[PDB]
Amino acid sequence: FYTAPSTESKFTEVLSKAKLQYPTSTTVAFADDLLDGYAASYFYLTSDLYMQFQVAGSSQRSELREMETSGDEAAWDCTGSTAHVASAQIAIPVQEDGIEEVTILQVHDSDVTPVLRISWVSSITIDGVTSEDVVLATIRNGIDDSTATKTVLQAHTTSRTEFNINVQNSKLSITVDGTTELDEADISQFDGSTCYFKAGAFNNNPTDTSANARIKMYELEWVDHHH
């Protein structure tokens, strides 16, 4: 009894360039399924026209993964000359008790390493400074290095917020409501990797494994711009 996100033309293009993974890495709906009206409790259109992702459980996800219209997986040169841009208008609700971090956008490599996660966190400590209820960028320092550089981007609001990720050459930038919050961070540690965007709800380290993470997107796109 759920309305499909494909009923809104603002999502047609990105759905054509996506497949949906739930609740783990396995694809449940390819682009043709998404365009044919796929909807479920974990992926549906709200009455005020948000694409809502919802998922429970540790490291579980309801997430779109970037695809080419050819049906090829997106696998662009992580540090190449073509710009890759993801833009999203995201409303992050107040999360259910027991939800501690939800990844909402990623740049992921074609193996096991996220270049970038943008996540809501209940609390984070960076260089001795603790922030609560914020939106965070996490950039992994290398494929063989589990450490990451973390940057607070925004105080959490429930208001619809515009997030833009720009990847070009070996640099990655993040703008939030038009303001650059991460300015050309180095990602040369992914030279020789290939990459793709993701968007949705990816539930990280919950303290209640039955609680639902929930993330809403009013607009979403990912594009190339050729140099």
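Start at 1 and count along the sequence shown; that's the residue number.
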Entry B factor averaged over C-alpha atoms, 151-159 against 109-117: higher for 151-159
Highest mean C-alpha temperature factor of the two stretches 178-186 and 27-35, which is it? 178-186
If you check the C-alpha B-factor for each of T138, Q89, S81, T103 in the entry, which is highest? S81
Using the entry's values, work out which of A211, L20, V14, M217 has the largest Cα B factor. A211
Please place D224 in the lowest, middle or highest third of its chain according to the CA B-factor in the PDB entry. highest
Lowest, middle or highest third: where is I165 by C-alpha B factor in its chain? lowest
Classify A74 as lowest, middle or highest third according to the C-alpha B-factor given in the PDB entry, relative to its own chain. middle
For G200, the third of its chain into which the C-alpha B factor falls: lowest
Which third, lowest, middle or highest, does the C-alpha temperature factor of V85 belong to within its own chain? lowest
